[PDB]
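Let me begin by presenting the structure, written as structure tokens, before commenting on it.
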Amino acid sequence: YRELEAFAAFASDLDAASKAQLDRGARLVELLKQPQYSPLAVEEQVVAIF
Amino acid sequence: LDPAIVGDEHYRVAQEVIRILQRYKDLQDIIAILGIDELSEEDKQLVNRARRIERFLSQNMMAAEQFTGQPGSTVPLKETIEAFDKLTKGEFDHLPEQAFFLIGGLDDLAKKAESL
Amino acid sequence: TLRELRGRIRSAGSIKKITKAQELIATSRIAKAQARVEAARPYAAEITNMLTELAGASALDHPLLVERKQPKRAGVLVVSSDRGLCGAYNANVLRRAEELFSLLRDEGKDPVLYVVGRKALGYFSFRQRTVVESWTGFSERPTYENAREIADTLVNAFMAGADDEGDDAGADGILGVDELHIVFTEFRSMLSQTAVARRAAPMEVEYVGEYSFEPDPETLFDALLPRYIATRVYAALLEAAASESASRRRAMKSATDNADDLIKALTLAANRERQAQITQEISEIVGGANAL
């Protein structure tokens with residue numbers, strides 16, 4: 001996903017699978033963020049990653 | 001070197017030559033990667049002039065008699081300054097580059113250029 | 001030094017990345033240009049078939065069909081782009097135009113020129129050459145209106161040279177051209193693009209060997225030819241733009257390729273410099289220590 005943003009930062013036309021993979025990567029990166037003083041248990045993290 | 005001791009023409013020609021060479025050195029960094037395609041013609045002209053002059057600074061002294069086997073030459077200063085003024089004027093730009101290697105005077109310059 | 005090396009490294013790295021990015025811009029626009037270029041084929045095919053059918057059973061006589069009996073002058077039109085970083089595309093255009101001018105100079109005719117694009121306009125402005133009229137701002141995206149007006153201007157200019165004997169404009173009242181040329185570039189392949197210069201001012205007819213007309217046949221004929229000229233002119237533009245973009249992409253690709261090595265070399269030099277400074281400082285501190 002990073003190697004593909006390094007290429008397609010200015011892309012308008014792409015392969016459909018490439019666009020889908022880029023969108024999935026962006027969604028996962030935006031999900032991985034977590035604030036401070038916020039410990040989590042295992043179950044909610046497993047649900048979130050699923 | 002000072003205008004109080006040297007003629008004004010010498011001072012002016014020297015200053016112009018230094019400015020041209022300095023400009024070429026400044027643009028040498030950018031031309032190293034892209035080349036001449038992106039560069040505008042207003043600088044291509046000075047690039048060609050600078051290349052021709054810096055090739056014209058070469059000379060064939062007598063000292064090489066035992067290396068290249070060719071006699072050397074000497075030039076009076078008036079001929080040198082007039083020839084350099086002519087070259088800075090841009091009259092010689094049509095002539096090929098490889099004609100300016102190891103030449104003594106402007107007459108030999110013309111003879112070599114016409115010989116090719 | 002160190003700060004200069006770090007600055008140059010960051011500069012060259014970002015230059016390389018965005019050269020690749022602009023190469024991607026060119027690659028993306030290539031698909032749109034290629035899709036757009038091939039949409040005018042049926043109209044041209046139909047109009048050519050119509051002209052063949054009409055000229056088959058019509059009289060062969062027209063000012064655009066007949067030739068001026070004397071070689072007075074010859075016009076020409078030169079096209080270009082509206083953005084830089086195209087490589088040698090504009091250089092190729094200028095070389096082809098100059099070689100066509102050289103070929104025409106053999107007859108001693110004083111030619112006239114028209115230009116499209118800012119780059120060629122500026123280059124001819126620097127040189128000592130006259131210009132009649134310039135068109136700019138639509139090489140990126142043309143339409144039918146500009147092609148139609150250009151064709152109209154060319155047709156009227158050709159017609160305005162009916163009786164230009166010597167320097168006299170005759171009943172025309174203005175000096176008119178007698179010959180026209182067009183110089184452009186063709187899309188042979190993704191890597192094959194060459195300049196093509198052709199002459200299409202006076203029509204010529206070739207018999208390869210072997211309907212009903214409600215209006216006047218000559219009326220249909222002379223209404224028809226300007227449409228054919230306009231269609232040819234319009235068809236040239238999209239081809240020129242596509243070839244421009246195709247040549248544009250390779251420049252950015254090669255720019256990235258060349259940008260990598262400067263990064264490599266400057267990193268090596270910085271490594272050597274820092275190693276030297278560390279070894280010299282440790283040597284000097286030990287030398288100061290042991291002597292006392």
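Every chain in the structure tokens takes a letter, A first, then B, and so on in the order presented; its residues are numbered from 1, and the ligands are numbered from 1 following the presented order.
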
Which residues of chain C come within 12 Å of chain A, and what is each one's closest atom pair and distance in Å (one decimal), counting only C-alpha atoms, sorted by chain and residue number, as a Markdown table?
| residue | atom | partner | partner_atom | distance |
| --- | --- | --- | --- | --- |
| C:14 | CA | A:6 | CA | 11.4 |
| C:16 | CA | A:6 | CA | 11.4 |
| C:17 | CA | A:6 | CA | 7.8 |
| C:18 | CA | A:9 | CA | 9.4 |
| C:19 | CA | A:7 | CA | 10.7 |
| C:20 | CA | A:7 | CA | 7.4 |
| C:21 | CA | A:10 | CA | 6.1 |
| C:22 | CA | A:10 | CA | 7.6 |
| C:23 | CA | A:10 | CA | 9.5 |
| C:24 | CA | A:11 | CA | 6.5 |
| C:25 | CA | A:10 | CA | 6.3 |
| C:26 | CA | A:11 | CA | 9.8 |
| C:27 | CA | A:11 | CA | 9.0 |
| C:28 | CA | A:13 | CA | 6.0 |
| C:29 | CA | A:12 | CA | 8.7 |
| C:30 | CA | A:13 | CA | 10.4 |
| C:31 | CA | A:13 | CA | 8.5 |
| C:32 | CA | A:13 | CA | 9.4 |

Can you tell me, as a tab-separated table (two decimals) with N, CA and C atoms, in the first residue's frame, which residues in region 60-101 of chain B count as helix (DSSP H, G or I) by DSSP?
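Saved the output as out_26.tsv:
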chain	number	residue	atom	x	y	z
B	62	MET	N	55.84	25.36	-27.43
B	62	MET	CA	56.96	24.60	-27.98
B	62	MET	C	57.32	23.42	-27.10
B	63	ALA	N	57.00	23.48	-25.80
B	63	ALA	CA	57.51	22.52	-24.82
B	63	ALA	C	57.13	21.08	-25.15
B	64	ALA	N	56.10	20.87	-25.96
B	64	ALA	CA	55.66	19.53	-26.32
B	64	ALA	C	56.42	18.94	-27.51
B	65	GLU	N	57.59	19.49	-27.87
B	65	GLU	CA	58.24	19.05	-29.11
B	65	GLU	C	58.54	17.55	-29.08
B	66	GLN	N	58.78	17.01	-27.89
B	66	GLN	CA	59.17	15.62	-27.69
B	66	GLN	C	58.00	14.72	-27.35
B	77	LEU	N	50.01	40.42	-27.92
B	77	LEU	CA	48.85	40.65	-27.07
B	77	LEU	C	47.73	41.37	-27.81
B	78	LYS	N	48.06	42.26	-28.75
B	78	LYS	CA	47.02	42.97	-29.49
B	78	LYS	C	46.18	41.99	-30.31
B	79	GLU	N	46.84	41.04	-30.98
B	79	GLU	CA	46.11	40.02	-31.71
B	79	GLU	C	45.23	39.21	-30.78
B	80	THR	N	45.74	38.87	-29.60
B	80	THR	CA	44.97	38.09	-28.64
B	80	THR	C	43.70	38.83	-28.22
B	81	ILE	N	43.84	40.11	-27.87
B	81	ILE	CA	42.68	40.85	-27.37
B	81	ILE	C	41.67	41.08	-28.49
B	82	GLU	N	42.14	41.40	-29.70
B	82	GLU	CA	41.20	41.60	-30.80
B	82	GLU	C	40.47	40.30	-31.14
B	83	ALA	N	41.19	39.17	-31.15
B	83	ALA	CA	40.55	37.89	-31.44
B	83	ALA	C	39.53	37.53	-30.37
B	84	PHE	N	39.86	37.78	-29.10
B	84	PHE	CA	38.91	37.46	-28.04
B	84	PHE	C	37.69	38.36	-28.10
B	85	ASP	N	37.86	39.63	-28.47
B	85	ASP	CA	36.70	40.49	-28.67
B	85	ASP	C	35.82	39.97	-29.80
B	86	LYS	N	36.44	39.57	-30.91
B	86	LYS	CA	35.68	39.00	-32.01
B	86	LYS	C	34.91	37.77	-31.57
B	87	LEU	N	35.56	36.89	-30.80
B	87	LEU	CA	34.91	35.67	-30.35
B	87	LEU	C	33.76	35.96	-29.39
B	88	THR	N	33.96	36.91	-28.47
B	88	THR	CA	32.88	37.29	-27.56
B	88	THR	C	31.72	37.93	-28.31
B	89	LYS	N	31.99	38.56	-29.45
B	89	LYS	CA	30.92	39.13	-30.24
B	89	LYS	C	29.97	38.07	-30.79
B	97	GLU	N	33.24	22.98	-33.23
B	97	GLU	CA	33.96	23.03	-31.96
B	97	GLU	C	35.37	22.46	-32.09
B	98	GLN	N	35.50	21.28	-32.69
B	98	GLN	CA	36.76	20.55	-32.68
B	98	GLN	C	37.85	21.26	-33.47
B	99	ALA	N	37.50	22.40	-34.08
B	99	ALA	CA	38.50	23.19	-34.79
B	99	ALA	C	39.32	24.07	-33.85
B	100	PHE	N	38.88	24.22	-32.60
B	100	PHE	CA	39.56	25.09	-31.65
B	100	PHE	C	40.56	24.36	-30.76

For region 17-27 of chain A, find every residue with an atom within 9 Å (counting only C-alpha atoms), except residues of its own chain fewer than 3 positions away, and show them as a ChimeraX atom specification. /A:1-2,4-5,13-14,30-32

Take the residues just selected and output them with N, CA, C and O atoms as an mmCIF file, in the first residue's frame.
data_model
loop_
_atom_site.group_PDB
_atom_site.id
_atom_site.type_symbol
_atom_site.label_atom_id
_atom_site.label_comp_id
_atom_site.auth_asym_id
_atom_site.auth_seq_id
_atom_site.Cartn_x
_atom_site.Cartn_y
_atom_site.Cartn_z
ATOM 1 N N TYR A 1 0.827 -1.200 0.000
ATOM 2 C CA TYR A 1 0.000 0.000 0.000
ATOM 3 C C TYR A 1 0.865 1.255 0.000
ATOM 4 O O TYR A 1 0.584 2.221 -0.719
ATOM 5 N N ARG A 2 1.937 1.251 0.795
ATOM 6 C CA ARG A 2 2.862 2.381 0.794
ATOM 7 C C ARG A 2 3.616 2.480 -0.525
ATOM 8 O O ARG A 2 3.772 3.577 -1.078
ATOM 9 N N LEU A 4 2.536 1.656 -3.289
ATOM 10 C CA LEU A 4 1.572 2.088 -4.289
ATOM 11 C C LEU A 4 1.145 3.538 -4.113
ATOM 12 O O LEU A 4 0.803 4.188 -5.102
ATOM 13 N N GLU A 5 1.129 4.064 -2.882
ATOM 14 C CA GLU A 5 0.950 5.508 -2.742
ATOM 15 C C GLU A 5 2.165 6.260 -3.257
ATOM 16 O O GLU A 5 2.024 7.360 -3.806
ATOM 17 N N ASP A 13 -6.466 7.376 -13.250
ATOM 18 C CA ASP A 13 -6.879 6.077 -13.761
ATOM 19 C C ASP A 13 -5.962 4.997 -13.203
ATOM 20 O O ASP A 13 -4.739 5.162 -13.167
ATOM 21 N N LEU A 14 -6.560 3.898 -12.748
ATOM 22 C CA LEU A 14 -5.811 2.815 -12.131
ATOM 23 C C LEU A 14 -6.499 1.495 -12.452
ATOM 24 O O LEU A 14 -7.576 1.461 -13.054
ATOM 25 N N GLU A 30 -6.006 4.493 8.800
ATOM 26 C CA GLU A 30 -6.817 5.397 9.608
ATOM 27 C C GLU A 30 -7.414 4.686 10.815
ATOM 28 O O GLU A 30 -7.698 5.328 11.834
ATOM 29 N N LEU A 31 -7.611 3.369 10.723
ATOM 30 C CA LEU A 31 -8.099 2.613 11.870
ATOM 31 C C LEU A 31 -7.011 2.404 12.918
ATOM 32 O O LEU A 31 -7.301 2.410 14.120
ATOM 33 N N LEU A 32 -5.760 2.232 12.486
ATOM 34 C CA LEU A 32 -4.686 1.889 13.414
ATOM 35 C C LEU A 32 -4.394 2.991 14.427
ATOM 36 O O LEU A 32 -3.757 2.717 15.448
#

Taking only C-alpha atoms into account, what are the residues of chain B at most 7 Å from chain C, put as a list in words? residues 33, 34, 37 and 38 of chain B
